[PDB]
């Protein structure tokens, strides 16, 4: 047998950020919500805070954009690099440069799972199993997979065992399911604009929004509702039943992440055939074990928030073992390379970054160079035939390096 390919050790790990409270607001990139004004993603979206008059119209007003984008780049001894982006910004840089670097530098570029376990174990006392700290860990994990793929010379999807479908079909999230249908998407997920404090009027208005789009899009184009942790079991139950006549495919993240018991009850109360989903804010495989056992239909981890690709692959197996689907939240290429290899991820999400949902602005615009976007609502596997996650870091963005080591 031939001698194996020689692999370099990891030399440096660096972290930068753009956007967030200490940089330029509206930088976009990794933080989906770090947008400018007049953006659908900030237009009276129901949230745990919209019950407050001062925070009802804008999520930005309560600080959904304070973190900004975290960028992690790992450089091997042979000078090759790999990178990834997520939501964490400056604080994410602290974690990487002042803590996690000790487990990263000096390792082989193939020691991905090892570094992953060490990051989880070393931060367990302050990670809270999700959110900020997990977003940071996820970003490092993705940067490592990117570097490994670029060193080996293969797309991440091939390293994982290959594609199980020739193309990824997408549904679009935004305020214009009708325009999404025109673009070729298979469905459209809309955000709810009213919450529990709005009562029956709120239910009537969001249900009317769904009815209107059903009329405009026809019966086969899927329609879904995203509730961004803004409701309670009763309100979610009433809304789901109010939308049943229009064949709403699923109602998403109705409750805060810790409310597993509530999700179990909500799923039990759901109209026959209508799915209940959640997961974008959950982190760690164990949390997904608990979430899966509530009986919800689809878990939706964000690859950059759940713990990384390493964790995503485990979550996919968990769901598959139960005969269920896993449909990641956004994530662009970080999701594409993974889900195209998952038999139980028949479709993916494309979260509209276009202010009015009329164009195909890239998912992480503009931090990723040559970022692929759906063509006729799909991304063919050949589009992913590039090393690692197939993109390059846009250094024309004003990247800030708050910490060093």
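Positions refer to the first chain, counted from 1.
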item	value
Of 356 to 364 and 342 to 350, the stretch whose C-alpha atoms average the higher B-factor in the entry	356 to 364
Average Cα temperature factor in the PDB entry - higher stretch of 316 to 324, 284 to 292	316 to 324
Selection by C-alpha B-factor (highest) of 216, 189, 102, 197	216
Candidate set 375, 67, 49, 45 [ranked by C-alpha B-factor, highest]	375
Third of chain Cα B-factors occupied by residue 146	middle
Assigned third (lowest, middle, highest) for the C-alpha B factor of residue 179	highest
Record-listed C-alpha B factor of residue 329: chain third	highest
Third of the chain, ranked by Cα B-factor, where residue 97 sits	middle
Entry-reported Cα temperature factor of residue 108, expressed as the chain third it lands in	middle
